[PDB]
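Here the structure comes first, spelled out in structure tokens, and everything after it is commentary.
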Amino acid sequence: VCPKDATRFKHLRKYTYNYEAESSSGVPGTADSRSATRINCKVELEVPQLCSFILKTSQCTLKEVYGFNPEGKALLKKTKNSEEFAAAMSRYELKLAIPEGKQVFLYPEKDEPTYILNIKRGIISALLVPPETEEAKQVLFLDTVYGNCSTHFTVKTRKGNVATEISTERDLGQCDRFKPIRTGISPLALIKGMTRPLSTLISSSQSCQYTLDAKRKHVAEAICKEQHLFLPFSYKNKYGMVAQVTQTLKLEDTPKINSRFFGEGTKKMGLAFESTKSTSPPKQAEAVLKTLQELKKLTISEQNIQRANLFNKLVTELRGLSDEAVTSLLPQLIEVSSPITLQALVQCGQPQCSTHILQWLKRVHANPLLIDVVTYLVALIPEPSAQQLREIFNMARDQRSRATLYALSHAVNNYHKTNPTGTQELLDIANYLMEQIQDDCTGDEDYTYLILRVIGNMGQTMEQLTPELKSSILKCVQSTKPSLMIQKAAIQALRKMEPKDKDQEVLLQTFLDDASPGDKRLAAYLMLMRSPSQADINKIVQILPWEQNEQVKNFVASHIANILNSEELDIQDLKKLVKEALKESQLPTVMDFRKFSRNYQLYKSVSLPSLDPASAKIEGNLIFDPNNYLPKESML
Amino acid sequence: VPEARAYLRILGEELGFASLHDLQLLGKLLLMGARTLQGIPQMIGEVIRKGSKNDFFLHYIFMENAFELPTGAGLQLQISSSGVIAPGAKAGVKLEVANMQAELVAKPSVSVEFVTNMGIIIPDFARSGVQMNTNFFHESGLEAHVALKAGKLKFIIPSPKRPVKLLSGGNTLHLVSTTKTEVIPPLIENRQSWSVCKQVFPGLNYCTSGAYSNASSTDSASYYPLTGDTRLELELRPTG
């Protein structure tokens, strides 16, 4: 919706605007000695129709002061990235529409970078001119790169009912985004909550000066100047620190365009800012190395005057850098010095530094006990990161220890909940475990036992991603090669795999198998009773009177008798199936508990007021061959 | 011979397992602890025999509040400032065994510095900022050298080859570019540099000095302690 009061242009017009701006950070007390940068671009505003605009940028030259003339004139040079800079800009064109003149919805093409988008948004906010009004006091609510705004609108010069000179001004301490954007900090610095006080010590206010065409409403020129001042470091409270943003847009020409079509990039976005990283060029890392070398040199030089300073500038650059580059570089840094790298890491509140500690630990050749200790310690930290998982996988491969694998499984579950996406890490570890087990599960009994049970820790994820591993688990369960210990571990790996129709079928096959071991048969029977079916229970009850291993028969019959004894709500449903299976069979009479396996169970149901009944279920498992004076096995 | 193992599950989550083989492994771990222990004394003596330098330098940020705020152009004005401590000390004694020549270093140092920084940044692209930097340093210690030779003993104390700054009150600014960190040269007008030195010894003098620009009468410039690289220092100057 395009109100005519918002018209600041004419349709069928391309307005080519030269963008020229500079940011100059300097001290006025020393002749404004400043770090200044000069941006110059060619801009191509395109207006096939009202409020349906297309933006083509080009000829973007990025120059910055490398020196000052004696009279104070700077010396600007194009930077190394100024070419990739211009390429990045020119290689996109923007399509946008502003319903009502105060509702901005960007539609970029091919997901333009966040920072490029934000620079574009600032340019648009400079471009956006409010709808015309005859009220000089006009102040209203406006969006900007910086969020919402209470912006004042006073017409300086008006011809007829059309304003020719206008000033747009807003104090920057009132617009939505004055909240200090968080940043990584020394996680060990104890000072907190002092950020707001400083904002009081901050001064800033914006003013834009506009020259408008009364005929076609177009902006002849635009001057937007911003000045930020800081109060401390100032005698008399006026010798502080000054900053200024000065950007200008000059209308070189307004070619008329024969166009009536406007595009809308798939990605729909507003004028507001979207979070971004303190990114730095990959090169600078090498400077980090020069710096670390320098410090190592200086301790030999015996000078410590500025070492902490350089450390700070470094960790600053550090926070400018990225993750993968750091880790790739990482080994060299330790090669230089371990303890200093530690000072950096500990003072480094960035997540990657925490993740990279693991890598350090393997570098220093830590003792396995401490490796596993820290492994579990971190593994319980919420919201695991895919990277962190890759490190955990690498460490598990390297040590292949019990604690490492348990921590890996728990972190796997945590991230699985964190990210339902079956990322390539899950596939890689799944393949590695499949290698560690194969179909025969032949291997070191401790090793394969641990592999099986740790896999069970993530059973559901394995189901989701790899059915072939489940098939191999069933193979091993039905395989005679693995020891009964390994077979049982495979059975319990189904903990998180919730046996399905086929899993129940395989369990029934291996259980009703008369030659199957008594302990193995009981384990399969227990896992089958986790969620049994009436047809299954009927078959087992039919086979019960003819089962071998009298101790097995006593155990199973005692279990059934207890199930009938149980009243628990779920066991109420289970007893329906039990009854359905008891019509045409009678149980062996359950004798002996000191020399025959026996089943006992107790439930503790309490009626909590205003809450569902709480039932505590107790299972007493006794395993006795007729030759055991004491239980061969027993689980609490 | 019975084989047994046990494990603990919480919510069904196994919490590690214990094995008899695990007990045997722990036995070998104790044996390996003994094996590592046996050779330690000779190793630790070996470094004294050859000598080395020992450095113990913490660098801790007690105070730091960093953040950033956007800008109208869409760029990001970094803002942050910290107080930091680097309280370490240089050490490490080298012994020339059978030469009876002992070299000893012990000079703890204090680096009480502070920075504030503001920076307009272009992520992955560029930066522009200024760094407000107050400085306080100290060091003290001994450089000693003792040698026994042919029944002739001599304790040697190398003299300072540079001024010994007991105190160092320094303040500086810098203009920092993506590829560079540049100091801001001091004004020469009313550039007050002075020094007063008293004799602790004929070759060593206790020195008090101050170098600063007195621009208080000039507008836009903070008073004499500020607006420029200002140093108030307390030193022992070796005459050479």
Residues located in region A:190-207, provided they are within 9 Å of chain B (Cβ to nearest Cβ), assigned to a strand (DSSP E or B) and either closer than 30 Å to residue A:342 by Cα or in contact with a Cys (Cβ under 9 Å, 6 or more places away or on another chain) (or both): A:206
Answer residue from region A:234-249, given it is crowded, with 17+ Cβ neighbours inside 10 Å, at the interface with chain B (Cβ under 9 Å from one of its Cβ atoms) and not aromatic (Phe, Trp, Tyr) and is farthest from the chain's Cα centre (by Cα) among those: A:234
Criterion: surrounded by fewer than 16 Cβ atoms within 10 Å (Cβ to Cβ) and assigned to a strand (DSSP E or B) - qualifying residue of A:226, A:274, A:264, A:252: A:252
Every residue from region A:156-189 that is over 23 Å from residue A:142 (Cα atoms) and within 14 Å of another protein chain (Cβ to nearest Cβ): A:182, A:183, A:184, A:185, A:186, A:187, A:188, A:189
Residues within region B:205-240 that are in contact with a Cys (Cβ under 7 Å, 6 or more places away or on another chain) and surrounded by fewer than 17 Cβ atoms within 10 Å (Cβ to Cβ), tallied: 1
Of residues in region A:558-602 being more than 17 Å from residue A:540 (Cα to Cα), without any contact (Cβ under 8 Å) to a residue 40 or more places away in the chain and among the hydrophobic types (A, V, I, L, M, F, W, C), the one surrounded by the most Cβ atoms within 10 Å (Cβ to Cβ): A:571
So residue B:61, is it in contact (Cβ under 8 Å) with a residue 40 or more places away in the chain, closer than 30 Å to residue A:188 by Cα, in a strand (DSSP E or B) and in contact with a strand residue (DSSP E or B) (Cβ under 8 Å, 6 or more places away or on another chain): no
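Here's the yes/no breakdown for (1) closer than 28 Å to residue A:185 by Cβ; (2) among the small types (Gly, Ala, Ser); (3) out of contact with any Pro (no Cβ under 9 Å at 6 or more places or on another chain):
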residue: B:57; (1), (2), (3): yes, no, no
residue: B:70; (1), (2), (3): yes, no, yes
residue: B:74; (1), (2), (3): yes, yes, yes
residue: B:96; (1), (2), (3): no, no, yes
residue: B:105; (1), (2), (3): no, no, yes
Top-ranked residue in region A:115-137 [being over 25 Å from residue A:251 (Cβ atoms) and without any contact (Cβ under 8 Å) to a residue 60 or more places away in the chain; ranked as surrounded by the most Cβ atoms within 10 Å (Cβ to Cβ)]: A:136
Index of the failed condition, residue A:141 passing every other in (1) touching a residue at least 60 places away in the same chain (Cβ under 8 Å); (2) surrounded by fewer than 16 Cβ atoms within 10 Å (Cβ to Cβ); (3) within 21 Å of residue A:2 (Cα to Cα); (4) of a type outside the set (S, T, N, Q): (1)
Scan of region B:119-128 for residues that are under 15 Å from residue A:284 (Cβ atoms) and assigned to a strand (DSSP E or B), ordered by number: B:119, B:121, B:122, B:126, B:127
Qualifying residue in region A:168-186 (condition: closer than 30 Å to residue B:59 by Cα and in contact with a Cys (Cβ under 9 Å, 6 or more places away or on another chain)): yes
Test: residue in region B:110-118 that is more than 9 Å from chain A (Cβ to nearest Cβ), in a strand (DSSP E or B) and among the polar types (S, T, N, Q): no
Test result for residue A:498, away from chain B (no Cβ under 14 Å), surrounded by fewer than 16 Cβ atoms within 10 Å (Cβ to Cβ) and either of a type outside the set (A, V, I, L, M) or under 25 Å from residue B:22 (Cα atoms) (or both): no
Residue in region B:38-58 that is of a type outside the set (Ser, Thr, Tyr), assigned to a strand (DSSP E or B), in contact (Cβ under 8 Å) with a residue 12 or more places away in the chain and facing chain A (nearest Cβ under 10 Å) present: yes
Count of region B:66-87 residues which are part of a loop (DSSP other than H, G, I, E, B) and either within 8 Å of chain A (Cβ to nearest Cβ) or under 26 Å from residue B:178 (Cα atoms) (or both): 6
All positions within region A:5-35 that are surrounded by fewer than 18 Cβ atoms within 10 Å (Cβ to Cβ), within 14 Å of chain B (Cβ to nearest Cβ) and either aliphatic (A, V, I, L, M) or farther than 18 Å from residue A:248 by Cβ (or both): A:31, A:32
Identity of the residue in region A:270-312, closer than 19 Å to residue A:351 by Cα and not hydrophobic (A, V, I, L, M, F, W, C), that ends up nearest to the other protein chains (Cβ to nearest Cβ): A:279
Listing of strands (runs of 3 or more DSSP E) fully contained in region B:138-228 that carry 1 or more residues being without any contact (Cβ under 8 Å) to a residue 60 or more places away in the chain, in contact with a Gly (Cβ under 6 Å, 6 or more places away or on another chain) and within 14 Å of chain A (Cβ to nearest Cβ): B:174-177, B:204-213
Residues that are within 14 Å of chain B (Cβ to nearest Cβ), assigned to a strand (DSSP E or B) and over 28 Å from the mean Cα position of the chain (by Cα), drawn from region A:71-125: A:74, A:75, A:76, A:77, A:78, A:94
Filter result (assigned to a strand (DSSP E or B) and within 14 Å of another protein chain (Cβ to nearest Cβ)) within region B:90-102: B:90, B:91
Entirely in region A:473-584, the helices (runs of 4 or more DSSP H) that have 1 or more residues that are closer than 23 Å to residue A:455 by Cβ and out of contact with any helix residue (DSSP H, G or I) (no Cβ under 9 Å at 6 or more places or on another chain): A:501-512
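Read-outs throughout are calculated quantities, based only on the coordinates presented, and are distinct from any laboratory measurement. For neighbour counting, all protein chains shown are included, and Cβ atoms are generated from backbone atoms with ideal geometry for every residue, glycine included.
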